[PDB]
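Trainee: Quick one: this structure, given as structure tokens, is what I'll be asking you about.
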There are 6 protein chains.
Amino acid sequence: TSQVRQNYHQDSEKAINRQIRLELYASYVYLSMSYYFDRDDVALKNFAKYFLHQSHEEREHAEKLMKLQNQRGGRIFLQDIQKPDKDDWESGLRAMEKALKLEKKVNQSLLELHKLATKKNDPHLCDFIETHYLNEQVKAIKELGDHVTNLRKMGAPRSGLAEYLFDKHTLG
Amino acid sequence: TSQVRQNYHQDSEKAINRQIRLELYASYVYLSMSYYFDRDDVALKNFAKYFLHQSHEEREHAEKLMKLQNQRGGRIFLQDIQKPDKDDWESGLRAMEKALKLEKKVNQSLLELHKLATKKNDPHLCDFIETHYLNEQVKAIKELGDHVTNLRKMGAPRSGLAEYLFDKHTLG
Amino acid sequence: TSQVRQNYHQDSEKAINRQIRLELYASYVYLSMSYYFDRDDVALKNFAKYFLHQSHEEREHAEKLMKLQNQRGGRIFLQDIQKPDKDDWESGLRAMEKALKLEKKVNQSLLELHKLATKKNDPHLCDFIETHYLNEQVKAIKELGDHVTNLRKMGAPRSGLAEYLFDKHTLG
Amino acid sequence: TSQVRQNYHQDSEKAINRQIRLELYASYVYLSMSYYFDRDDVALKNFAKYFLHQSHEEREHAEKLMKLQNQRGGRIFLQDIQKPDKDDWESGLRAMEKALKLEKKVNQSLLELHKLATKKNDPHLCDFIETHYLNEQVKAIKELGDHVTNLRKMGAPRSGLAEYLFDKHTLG
Amino acid sequence: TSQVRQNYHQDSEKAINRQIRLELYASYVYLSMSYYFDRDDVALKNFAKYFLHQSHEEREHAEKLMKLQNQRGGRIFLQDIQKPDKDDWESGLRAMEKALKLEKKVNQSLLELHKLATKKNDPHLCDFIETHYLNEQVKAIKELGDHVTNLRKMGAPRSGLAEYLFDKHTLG
Amino acid sequence: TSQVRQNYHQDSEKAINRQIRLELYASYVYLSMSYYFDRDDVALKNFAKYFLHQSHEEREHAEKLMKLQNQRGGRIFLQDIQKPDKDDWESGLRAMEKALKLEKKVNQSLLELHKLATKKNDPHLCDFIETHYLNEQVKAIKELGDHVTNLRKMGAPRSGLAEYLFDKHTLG
Ligand SMILES: [Cl-]
Ligand SMILES: [Fe+3]
Ligand SMILES: [Fe+3]
Ligand SMILES: [Fe+3]
Ligand SMILES: [Fe+3]
Ligand SMILES: [Fe+3]
Ligand SMILES: [Fe+3]
Ligand SMILES: [Fe+3]
Ligand SMILES: [Mg+2]
Ligand SMILES: [Mg+2]
Ligand SMILES: [Mg+2]
Ligand SMILES: [Mg+2]
Ligand SMILES: [Mg+2]
Ligand SMILES: [Mg+2]
Ligand SMILES: [Mg+2]
Ligand SMILES: [Mg+2]
């Protein structure tokens, strides 16, 4: 047992490892999206920049969990980061819709982790999740919803004009 | 066929996808290493910082390859990123030795890429590898070799004093 | 034989003169395109600026080749610069498509030049072409391909709105 | 007919196209001269710089005429730019004498254009020529005459010392 | 075998040692030239400064190769630096002509080294030579040729006036 | 006989040429030492910097002697510069010990030079040696002796920790 460890259930430790993996997977999905928009036959540079930004943000989310794991005296165990579920993300709209689905899946995982921390009476872990993760997720989900809505109302994905103008005026 | 594609062999395109995966793997190994040194029972903060910087550098190496693949009209295909070979890296000296081994393995892959690019008469790809990768690897390998040497000469890994003092005076 | 000449094959010398002529031709093509967009019945001021900038760049590419010819002791022989293929470049999309074609034609010449320099074991010439020309072409080809893609997806050339909006938000 | 066209005679339009061609030819002559002085066996760097500057100015002279042609609603038609009359310009003095002859030829064409514009009662064209071109030519011709005189009085082109010192003290 | 060494042929190692020696010899030749022009009976202070500058530059060229040798895990082995072939360099012109011959001999050595690196499939070493040495040599050879030409056209070495004025206006 | 030559004995002129050679040899020994410490299997970056600085200082010592030889109307005669006695300098302590031996050998030569200058009643040469050389040698010898002492007292060369810590705290 680590000399620092106090009130840290083994189930919470294991669950924090799994959340690290999910954050690293989200980072990889956004990286994939980014370079899809960088293709010569897609060529939406601000979609590309948006998703790259989100990729680097997810890596930071993973690093903060790795730091937490050590702070609490848990031990990090890593698994493979699986490839994202698509290679070609089809359109600006479809990518935003898949990102929305991703952020809601990551939110679900974090809500399950909070419920576990609550059952194990771990208020430090509860506060960590609330402070650094839950409102970050709500804001992300709201932002992505707003983007999806505007893309649909403008005529995407059938209007390539709509995606071009969105790239310029929202993501630019 | 991409409208930009010119003098870009399918075999070179596949090889660049393999190298992307390898750079992402290297990023992941260094990330693992970094947080091993952040453990309370290891506690070498500048080893941790050093390897986190290397992890962010490798992600940049991968991103630049993704950018190249698109510039030449190839198509990115991402794969699962393998977990690192170790969970516990044993000591500062052992980590630096495994990092040296990793960087030589990445260099060998790049040298094989370059041989392929030469066989396919792709001078743009040869210059890209040379300019951005090969000297970066040579400098990394020399630096890691210097660190291993210092750590051995100081008495690591037996001497925990050695690793402490190297963390402060070389890495900090 | 010039006092400075060393390892510079006569075939290389002639090839450099051919490449000088092609770069001056490319400069003239872009000049032509630029002032087409300046017509009152076309009136896309940022397309005009974009192509004028490209014209001046190609002049610089020509001058650098003339400097190289003298550096290596070869002798410059200029020829008539042929007029561009078109007087009227039809639309912003069609001009971009023709520019893409021209930049791939220029690249193919450069790659043939590099092949010749490789066969003649002229690594200074190889490095010159790699350093100053090949990535410049790859970047120009990628940029033009992105521009074509955007104009197509926006609905050009039929939509004069697409070209107006692209002129403002991409080129301006 | 262009919507902007007013008091602009088809004979003036054609004369403007011929003048564009002549300004581009002059640009090419001076480019040739410049890189002759860059040869290792000539090696007068300030003669080389002087003539490159002049080459770039002539391109600007062409560009301003192209802008004029579109301002008036004429249509630019470009032609082949013929190679200069010499490959080797013999000496600094002989290059300056040829440049003097070129600038008089250019002036004679501009004077013929002015006479046509006068005959066709085109005061805007008359003023454009007078404002932008006629005094620029008078100044160029006077400078070149001054330079030829100096070189002759210093003892060129037999005195390689003459041309060296002129390169330093007048063109430097 | 050094722990850093990878893809570095023993013949390339030995050849890099020999190039270190040639760079140090070039440094010594320029040092000799410099202080010849410092003599009271020669007294061309800017020739003296020019060659001293070139001497210190050659030492830097040697140091960069010694660093390369270590980077690649080769071992430096030094031999005597032979005295330059003259004690009295006769004139400004004759010294520039001998410097031209020296730089072409150093260029030949570097081209032979590149051909060896190519045969041994060592693209890192090829890139090192191209990036740091080959264009440096071309520029040096061109500069020296230009100096020789001007000195000859001005009347050197029989005109001491010519050498004095060159000292002042070119090398000053 | 030089027009500047006054009270300058042929024997003093020859002795100054011998001292030039010796200073150039000292520069070369320190250059060797510097890059021994840059090896991956030695890896003491501040020993390397220290000895490279000393090498550049010795070249300055040689240049100043060359300047003196010309000031007094003597004639410089350069000789082959002998390779250093060792290729592998063994350890930081052993290098500093050999550097101490080298500086005492240079000092002995300067003391012999001064004795000669005194015998020939050359007070200008005596003052030159005193002002520029003798105290420089005394300070070098004392510094090297201090370094050797520290390294021995710390436990070098057995203790690789000692040389590491001296590199950081004294030399860095
Ligand atoms: Cl300490
Ligand atoms: Fe996240
Ligand atoms: Fe990498
Ligand atoms: Fe070009
Ligand atoms: Fe003009
Ligand atoms: Fe050199
Ligand atoms: Fe000394
Ligand atoms: Fe300390
Ligand atoms: Mg709270
Ligand atoms: Mg790195
Ligand atoms: Mg361009
Ligand atoms: Mg190559
Ligand atoms: Mg002019
Ligand atoms: Mg290169
Ligand atoms: Mg010293
Ligand atoms: Mg005294």
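Numbers in chain A come straight from Swiss-Prot, and the residues shown are 6-177, in order.
Structure determined by X-ray crystallography, 1.8 Å.
Any Cβ shown, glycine's included, is placed from N, Cα and C.
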Trainee: So Swiss-Prot lists A:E63, A:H66 for Fe cation 1; which of A:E28, A:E102 goes with them?
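Mentor: For Fe cation 1, Swiss-Prot names A:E63, A:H66; of A:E28, A:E102, the listed one is A:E28.
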Trainee: A:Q15, A:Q24, A:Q142: which one does Swiss-Prot list with A:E63, A:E108 for the Fe cation 2 site?
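Mentor: Given A:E63, A:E108 bind Fe cation 2 in Swiss-Prot, the matching entry from A:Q15, A:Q24, A:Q142 is A:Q142.
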Trainee: Can you see whether DSSP assigns A:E63 (Fe cation 1 binding site) to helix, strand or coil?
Mentor: helix
Trainee: Could you state the whole-number distance in Å separating the C-alpha atoms of A:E108 (Fe cation 2 binding site) and A:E63 (Fe cation 1 binding site)?
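Mentor: Pair distance, Cα basis, whole Å: 11 Å.
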Trainee: At a 10 Å cut-off from the C-beta of A:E28 (Fe cation 1 binding site), count the other C-beta atoms across all protein chains.
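Mentor: There are 24 such Cβ atoms around A:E28 (Fe cation 1 binding site).
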Trainee: By a simple count of other Cβ atoms within 10 Å, which of A:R23, A:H66, the recorded positions in the record, is least packed?
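Mentor: Ranked by other Cβ atoms within 10 Å, the recorded positions A:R23, A:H66 bottom out at A:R23.
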Trainee: Cα-Cα separation of A:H66 (Fe cation 1 binding site) and A:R23 (site 'Essential for association with cargo receptor NCOA4'), in Å?
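Mentor: Cα to Cα, A:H66 (Fe cation 1 binding site) and A:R23 (site 'Essential for association with cargo receptor NCOA4') are separated by 13 Å.
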Trainee: Rounded to a whole number, how many Å is the Cα of A:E63 (Fe cation 1 binding site) away from the Cα of A:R23 (site 'Essential for association with cargo receptor NCOA4')?
Mentor: 14
Trainee: Can you give me the Cα-Cα distance between A:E28 (Fe cation 1 binding site) and A:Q142 (Fe cation 2 binding site) in Å, rounded to a whole number?
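Mentor: One finds 12 Å between the Cα atoms of these residues.
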Trainee: In whole Å, how far does the CA atom of A:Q142 (Fe cation 2 binding site) lie from that of A:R23 (site 'Essential for association with cargo receptor NCOA4')?
Mentor: 17
Trainee: Inside 10 Å of the Cβ of A:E63 (Fe cation 1 binding site), count up the other Cβ atoms and send me the figure.
Mentor: 23
Trainee: Among the binding-site residues listed here, A:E108, A:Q142, whose Cβ has the fewest other Cβ atoms inside 10 Å?
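Mentor: Sparsest of the binding-site residues A:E108, A:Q142 by Cβ contacts within 10 Å: A:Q142.
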